[PDB]
Number of protein chains: 2
Amino acid sequence: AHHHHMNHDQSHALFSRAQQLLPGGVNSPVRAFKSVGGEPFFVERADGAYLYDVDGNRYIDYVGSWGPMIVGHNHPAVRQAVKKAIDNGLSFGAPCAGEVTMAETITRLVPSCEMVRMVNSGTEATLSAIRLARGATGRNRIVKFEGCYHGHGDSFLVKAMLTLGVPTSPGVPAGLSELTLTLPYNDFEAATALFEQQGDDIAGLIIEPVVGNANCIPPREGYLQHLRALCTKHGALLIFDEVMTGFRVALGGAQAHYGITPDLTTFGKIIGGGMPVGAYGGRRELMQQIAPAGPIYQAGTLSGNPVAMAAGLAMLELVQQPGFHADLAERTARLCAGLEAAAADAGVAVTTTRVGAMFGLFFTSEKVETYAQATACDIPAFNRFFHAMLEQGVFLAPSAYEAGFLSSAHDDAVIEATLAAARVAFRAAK
Amino acid sequence: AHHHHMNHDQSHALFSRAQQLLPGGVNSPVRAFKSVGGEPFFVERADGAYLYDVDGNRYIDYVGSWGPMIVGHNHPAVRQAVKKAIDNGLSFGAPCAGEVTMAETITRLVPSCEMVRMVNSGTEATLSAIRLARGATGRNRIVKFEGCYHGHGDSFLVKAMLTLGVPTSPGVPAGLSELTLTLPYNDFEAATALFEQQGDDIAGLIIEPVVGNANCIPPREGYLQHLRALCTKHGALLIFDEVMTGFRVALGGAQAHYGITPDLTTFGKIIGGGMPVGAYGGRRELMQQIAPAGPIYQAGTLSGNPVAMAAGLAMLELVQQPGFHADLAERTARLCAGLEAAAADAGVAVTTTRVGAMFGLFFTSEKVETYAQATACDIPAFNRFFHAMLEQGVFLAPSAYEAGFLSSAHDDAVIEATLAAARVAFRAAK
Ligand SMILES: Cc1ncc(COP(=O)(O)O)c(C=O)c1O
Ligand SMILES: Cc1ncc(COP(=O)(O)O)c(C=O)c1O
């Protein structure tokens, strides 16, 4: 780091300027560190397992740009593919071959998708998917789950006789909010009751098949199968939001891992290799409702752009190498076990969850299966642990409500260094 | 081209595969060529004034990837900036200095913006801006104009006692559609009447200050001033959608060119240098309603990403060079005059419009000021002209309802070659 005497002078100067120019000094709320306290650091560059801030501090990174960097940051094969594409021009406004190869790859790896449509973010993917579900079924109501996050389309900015939704943000019309119904994740009986009451009127049910936006909460055995059965029984479309789980929980996503066939899936993150890229897909007959094949309108001027296709295709090639996910799932297990041991040694109660290359650390003695258990955790203790880990050179997600991520750049020495850091940081946070 | 005996064999093979994998074979509807007939070509690369298709055919390009390429395709300064950024990693998930520099640049060049927020598309920018207008005013109704296009947020997918909106797409809830009111562009009296009837309930009025999505239709003298006066009188926010006009009509946008101060502006296209990038901005007090500074929620995982910031900043530097827009405005005038002369020589009635580096060609004898005049044009004659121009090696927007674009790569010989092409193509299309 620039100072020898965790100096954050350069980040502080940038953040002070940013606060005058961007709401909260950031372009996405979580970046402002308001959940953990303090000020964020500004990043100079990222490479392998590491972030390097503008003050010269290096952090082992378990955020991975929020999921895309499953092969680590700045992977040379992804960088080479991107550099090659840049020489052809950054955007065309017309089709390119990379869009066909991308569609071939997603549909082959996630066969519930016979057809896909690229967009520019997870927000665009999910707002398109629910419009497709409404337009294909002729119904208005959408079911989502408390603790899941799908982006900021207005129909998602809603909370719970008929349990009509109410907005969670100003600027979201009340009438529209009534059409979004919210269930508790992992609650079999609540899902059954809602479909018994109004299943005929539900266009679609959207879920993170493994929750990542209330920390990492895996589904109970049979739970996703239960939701699939309710949707099929009642004529609603099952929408898996695999923006985070896709290509990360398993090569074929959470739907492969748990053996579910959704009607629609949304994708993002890994499929863009680090660049802005979303997608939605499903059976051909359903997807042919989308313009210009059918009447349901959705468009995007920069969608399918060639640099993003090249970056995502390079990452998708890497994740298809034999044993990729088994390796990362073991590394994730190793990290979680080491965190539990480090916390036990310090006398701090924690538990962990994990599915493939995503994990959750929880400040509790309970095995977390529900949003209520995630929120009953010792949030101030997490906040102290986060800052103590930063001081040890490890960047965890700055929130008790965000899953963490392993990458193939987290080699044995990186994992061990993370555990050495946790051994001290749990004692700091006790 | 690969064949010596406009072969499109390679595009045809790609398009046939794409039709099985993407709705309509495309990731954005206009790309399917359904308005003009025939099949689109697939692009191999883009450079300067030219697109090169996968069959080896070169086209002088007046689409410019729909607006971003105001300095031409593959500009070496933009490419250098992007390559430098790629070496630092493609995405961080945390703030970078480029986001601060981008905000400084937009707010300096477009001073109605004291604060901005980056997003990933024009669709995200405008759906955020209308949520901000609703949340800041406590009102529900949004006014838009027939022929303007803002992206596919559900509140925009609407058509016209109280003139309650109705959806234009399945999947868009009827209740929500009633909150969007539609006026005719350039109609002073209709705007006055709507505010007299329900101005107290209008949160925001959004407009392309120069229409580009019904071909290029400039505002009548005083029209934008009239809308500004109505909004201020009634407490509604004036939202300029400058996704297309920003940095293109003038350095300071259409709002500088016509001397208007909107309450909110949306940006895109040029500000990303070819990469997926949108923004919205306005006065600080208003923008501080946006999370995490205020309660109005909007987020984006990949927003402000460093490669996109570097590409956009490189383009914004180029467009600040002395005389940039005056030069392109003259080139645009020269092209339009040459098109009029080529058409007159062929006995075909056309007129043109232009503002800065955007223009419209119309198959009519009328000076187009209204959507009704744009739609009264000879659309089949345009379609014949489009295909004849393709055959002459010129790619115009494949729609009678899209503005065209000049770039600094359209040198004198490029413009002259375009006119030589038009001299034959107007005769083909007569
Ligand atoms: C599962 C999931 N879906 C959707 C989103 C929204 O995606 P974006 O921020 O790219 O709009 C996120 C996180 O932001 C997510 O984790
Ligand atoms: C003025 C304007 N605003 C918004 C949009 C939508 O932007 P995007 O396709 O990036 O979502 C477009 C065109 O698509 C546009 O021309």
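Every chain is numbered from 1 and lettered A, B, ... according to where its sequence line falls, protein lines coming before strand lines.
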Checking [X] now: which residues fulfil salt bridge (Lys or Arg N to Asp or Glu O under 4.0 Å) with it, not counting sequence neighbours?
X        : value
A:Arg220 : A:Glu369
A:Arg248 : none
A:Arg228 : A:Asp263

Open item on the list: Between A:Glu242 and A:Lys269, does the side-chain contact (heavy atoms from CB on, under 4.5 Å) criterion hold? Intermediate values first, please.
Closed with: CA-CA 9 Å; A:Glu242 298 227 43; A:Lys269 300 175 160 24; over 6 Å; no
Flag the pair [X] / [Y] as yes when at least one side-chain heavy-atom distance between them is below 4.5 Å, and no otherwise.
X        : Y        : answer
A:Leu251 : A:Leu109 : yes
A:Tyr258 : A:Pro218 : yes
B:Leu264 : B:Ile206 : no
A:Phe247 : A:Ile271 : yes
B:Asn305 : A:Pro276 : yes
A:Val350 : A:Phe362 : no
A:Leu132 : A:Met287 : yes
A:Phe382 : A:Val36  : yes

Donor-acceptor check, side chain of [X] to backbone of [Y], threshold 3.5 angstrom: yes or no?
X        : Y        : answer
B:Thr180 : B:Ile142 : no
A:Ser28  : B:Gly300 : yes
A:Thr351 : A:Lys367 : no
A:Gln197 : A:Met161 : yes
A:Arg117 : B:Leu22  : no
A:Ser121 : B:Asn120 : no
A:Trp66  : B:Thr301 : no
A:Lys144 : A:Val158 : yes
B:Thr182 : B:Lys159 : no
A:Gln198 : A:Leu194 : no

Would you say the ring centroid of [X] lies under 6.0 angstrom from that of [Y]?
X        : Y        : result
A:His226 : A:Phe188 : yes
B:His150 : B:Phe156 : yes
A:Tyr223 : A:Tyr185 : yes
A:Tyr149 : A:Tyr401 : no

Under 3.5 Å, is there a donor-acceptor pair linking the side chains of [X] and [Y]?
X        : Y        : result
B:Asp241 : B:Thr266 : yes
B:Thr126 : B:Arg131 : no
B:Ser155 : B:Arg134 : yes
A:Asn215 : A:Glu402 : no
B:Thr123 : A:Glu124 : no
A:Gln255 : A:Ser112 : yes

Task: side-chain hydrogen bond (donor to acceptor under 3.5 Å, both in side chains) assessment of A:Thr370 paired with A:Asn186 - done: CA-CA 6 Å; A:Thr370 70; A:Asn186 269 338; over 6 Å; no
Open item on the list: Once rounded to the nearest 0.5 Å, what's the spacing between atom CZ of A:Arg139 and atom CG of A:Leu237?
Closed with: 8.5 Å
TODO: Start with the C-alpha distance between B:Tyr280 and B:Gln298, add both sets of side-chain angles, then the distance that settles side-chain contact (heavy atoms from CB on, under 4.5 Å), and finish with yes or no.
DONE: CA-CA 11 Å; B:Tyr280 60 104; B:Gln298 180 274 310; 2.8 Å; yes
Open item on the list: Before you tell me yes or no, could you show the steps for A:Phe386 and A:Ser35 under side-chain contact (heavy atoms from CB on, under 4.5 Å), namely the whole-Å CA-CA distance, both residues' side-chain angles and the distance that decides it to 0.1 Å?
Closed with: CA-CA 11 Å; A:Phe386 168 82; A:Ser35 304; over 6 Å; no
Open item on the list: Do the side chains of B:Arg141 and B:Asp201 get close enough for a salt bridge, i.e. N-O under 4.0 angstrom?
Closed with: yes
- [ ] Apply side-chain contact (heavy atoms from CB on, under 4.5 Å) to the pair A:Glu114 and A:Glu285, showing each step before the final yes or no.
- [x] CA-CA 9 Å; A:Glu114 296 182 330; A:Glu285 186 161 317; over 6 Å; no
Task: Distance-minimising heavy-atom pair for B:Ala125 and B:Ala279 - done: CB-O, 3.4 Å
Task: Atom of A:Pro29, atom of B:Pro292 and distance for their closest heavy-atom approach - done: CA-CD, 3.8 Å
